[PDB]
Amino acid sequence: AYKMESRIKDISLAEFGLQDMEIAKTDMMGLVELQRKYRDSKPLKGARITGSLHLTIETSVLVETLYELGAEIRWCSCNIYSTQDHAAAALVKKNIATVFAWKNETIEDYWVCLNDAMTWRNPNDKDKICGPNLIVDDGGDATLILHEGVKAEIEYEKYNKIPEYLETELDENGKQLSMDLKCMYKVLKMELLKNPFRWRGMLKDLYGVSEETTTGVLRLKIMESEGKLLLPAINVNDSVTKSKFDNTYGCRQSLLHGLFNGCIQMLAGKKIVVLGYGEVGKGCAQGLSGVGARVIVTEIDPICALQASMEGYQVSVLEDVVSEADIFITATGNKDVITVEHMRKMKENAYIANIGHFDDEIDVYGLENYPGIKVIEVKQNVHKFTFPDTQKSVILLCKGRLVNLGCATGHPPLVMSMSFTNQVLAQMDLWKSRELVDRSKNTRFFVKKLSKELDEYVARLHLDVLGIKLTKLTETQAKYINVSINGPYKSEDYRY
């Protein structure tokens, strides 16, 4: 059932995956505790969960936790390069989940895999096609294919034909659509022809989505302000134990791993430009400085720019340092941060990489299609592009995809356990409140966050890993600072 239906690279790699999961668990005490505490009561019993999140060894422990808490699971990765095949094999081999993921997927297969993960069959009702009850999303692709599907079906009924926007290679104003959109549209057209009520049919049983990253939250917020969000949502990224640990300390280590694997050069003494000084950019700069690099920051936000200056970093606009810098790292969550025109001005063998969720930060398409460009594969997922006029080259790590997961194996278990403990709590919250979702009356959905009580709980579960000894307030002390001995200890607007 699980092996037949799953689509993975190689099932024989399962044991390596299982051994790694067990080693990782020494530090993932949040997930370990959740399994110990809830594997019998099963708070997610009966829930069909579709996950779209980089299928790493850390993610396998997340999936395992969901499974032990009673859920059935279908999973895919949210990036073509991030899957670790031995982690994927472990899940399939142990019948923990039906998996559709492998390292180095074509963009076409990426969308087929996501759609496959969203496609369920109900054994209690003639194996009728249905959707998930809950979604674990990272970047919003699962949430996007649902909403774009609903949109495609409404447009389909309106004129009783395939929408024209799904059959063209151009967008609203003559520009070539990204390959990801063309590949998603190809799947949406394929599903309209099979059943044009598919996506709307899924809304009946869908009780929520828990989003992992900043870019996904951005997408959720935009839908919410337009009144187009079709299901409840929990913003996992903005938990303190997520955004202030994963985004920061996780990248501090994983960026370096990615650069070490993709870039052969010494980082020490190099001028490295970190574009964006947010939670991710802060961790990146700290890591880079930690190994002797001279970090130059770019920012649009005056507060973040000043914070960078307070840490001793030069803050410049890209145009003033593009011709002189050695390495460029985008961490903005924005688009067109590094253009082809910027690339043409870079010094010989300047390295370029992105750590934001999507490749849009760098004009990778513009570079690959530059007339007369020459490309060489330096190593797996590292390419050198040479311009014909100047004969100068630039080296791009993993086609602009998040470098820590494209050129390395992402953040280590400890911080992923903090992030994933929030995910499990979010999934439990959405499932346990499923009765309160009413579509025949309200229809308007919102984005929320987990309570500070839970947020603090995530931190408590990981203290023993590092031998942290916490102090306990006396009754008189608690009253003095106006808090309960058991927390929460900070006001809702506290920034840590």
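What we label the rigid core is the largest C-alpha set whose atoms superpose within 1.5 Å from one form to the other. One-based numbering along the sequence shown.
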item: Greater Cα displacement in 6 other deposited structures of this protein once the core is superposed, comparing 143 to 151 with 170 to 178; value: 170 to 178
item: More variable segment, 61 to 69 or 443 to 451 [Cα RMS over structures in 6 other deposited structures of this protein, core-superposed]; value: 443 to 451
item: Other entries modelling both neighbours but not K126, at least a third; value: yes
item: Of 129 to 137 and 376 to 384, the stretch whose C-alpha atoms average the higher B-factor in the entry; value: 376 to 384
item: Entry-level comparison of average CA B-factors, 172 to 180 and 276 to 284, reporting the higher stretch; value: 172 to 180
item: Highest recorded Cα temperature factor - choice among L166, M416, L255, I296; value: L166
item: Top residue by Cα temperature factor, when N369, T421, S316, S289 are compared in the entry; value: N369
item: Chain third (lowest, middle, highest) by recorded CA B-factor, residue given as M29; value: middle
item: Third of the chain, ranked by Cα B-factor, where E456 sits; value: lowest
item: Within-chain third of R434 by Cα B-factor, per the entry; value: highest
item: Ranked C-alpha temperature factor of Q35 among modelled chain residues, by third; value: middle
item: Assigned third (lowest, middle, highest) for the C-alpha B factor of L218; value: middle
